[PDB]
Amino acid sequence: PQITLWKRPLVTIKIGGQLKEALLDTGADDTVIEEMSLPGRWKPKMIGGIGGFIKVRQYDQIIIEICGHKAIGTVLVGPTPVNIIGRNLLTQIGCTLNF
């Protein structure tokens, strides 16, 4: 679909069989999710945002449904104020910015 930005671009995602809400963020290189249990081993990572750096756990090859679209890639888990879907998964779903 086509999404305008008068409201926050929130959508529904299915991850680990759970339904959660997430923000489509073109300014984010990566995808960051709130604390939860994902399968597999993780690797450490540190990412920067508006107010400083946070430490997260990186999981590779996680399956996620975004507005019914399937994406499979890297998900970072950490202390984020909202679930963020960033560029790494937006390109998989074919998301573009138009004006």
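Position 1 is the first residue in the sequence shown; the rest follow in order. Rigid core (definition): largest C-alpha set, two forms, superposition within 1.5 Å.
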| item | value |
| --- | --- |
| Which of 48 to 56 and 34 to 42 lies farther from this form in 4 other deposited structures of this protein, as RMS of C-alpha positions after a rigid core fit | 48 to 56 |
| Segment of higher mean CA temperature factor, 59 to 67 or 26 to 34 | 59 to 67 |
| 84 to 92 or 12 to 20, whichever carries the higher mean Cα B-factor | 12 to 20 |
| CA B-factor ranking of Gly52, expressed as a third of its chain | highest |
| Chain thirds of CA B-factor: placement of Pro44 | middle |
